[PDB]
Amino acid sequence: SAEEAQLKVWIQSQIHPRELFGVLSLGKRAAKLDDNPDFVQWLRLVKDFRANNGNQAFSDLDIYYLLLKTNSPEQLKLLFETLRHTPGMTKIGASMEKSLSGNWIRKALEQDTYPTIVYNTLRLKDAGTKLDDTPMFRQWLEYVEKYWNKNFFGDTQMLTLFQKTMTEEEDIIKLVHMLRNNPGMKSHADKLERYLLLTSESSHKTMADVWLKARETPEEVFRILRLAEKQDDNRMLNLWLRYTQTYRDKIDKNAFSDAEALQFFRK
């Protein structure tokens, strides 16, 4: 058999699966079992390479983060389901699904493990701009929320991890504004939004575009910036007024005018 002999060649050669993944150009297309015999063969090599060298030689996460570069978390979830229910592939599919299930928070919670450590046990830096779509990231948000309700790990240190995961500020801003949707994080996200706005001029234009795309009301933004608290020489006030006029221009035509906004602020 042509496929059976090719597999032998790779095994005898001791070629590393990352190297083979590259030369077979499996990054150029969807990781599916249909119309992709090169991928199926690649899995067969991975299987054998693990048996002969141990799982750490090419881990679940090595596999996950390689495929994540050119497939979505949702595709990979369905992929591992299919492997778990394909004869010959059941062991590895189940290994992957176990590695991505979340069955570590209870045993790791009580243990009192620093989120930073867990963040890099999970190798979330390797997720890149896909971070906020990965299930493991969502799981880590659970372990942080629970770690806080116990007893120290702070909002700035969380932001540091995000910045060592992806380089572009626009990606960092969209990420933090997506955390608003997670209630219980909404508190800390809003704080990070302010921290960026007070430490980076480039953030202002980007942040205003993110709110505008999300159709956020002037009232909501006023709430994020916490302008009701104690403070015409105020950078945050100017920013809010500029967002408000953009909102009035692009979305409502009937929101706060300049005068009305200033009145709202006086309260």
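Position 1 is the first residue in the sequence shown; the rest follow in order.
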Chain break class for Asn151 to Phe152, judged by how many deposited residues have no coordinates
1 to 3
I'd like to know the size of any gap between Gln231 and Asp232, counted in deposited residues with no coordinates: none, 1 to 3, 4 to 9, or 10 or more.
4 to 9
Between 82-90 and 107-115 (mean CA B-factor, as deposited), the higher
107-115
Pick between 27-35 and 59-67: the one whose mean CA B-factor in the entry is higher.
27-35
Say you rank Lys77, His177, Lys146, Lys130 by Cα B-factor from the PDB entry; which sits at the top?
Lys146
Chain third (lowest, middle, highest) by recorded CA B-factor, residue given as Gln157
highest
Sorting by Cα B-factor within the chain, modelled residues only, which third would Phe256 end up in: lowest, middle or highest?
highest
Ordered by C-alpha B-factor within the chain, which third holds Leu241? Give me lowest, middle or highest, please.
lowest
Relative to the other modelled residues of the same chain, rank the CA B-factor of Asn182 and answer lowest, middle or highest third.
highest
Mind checking which third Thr217 falls in for C-alpha B-factor across the chain?
middle
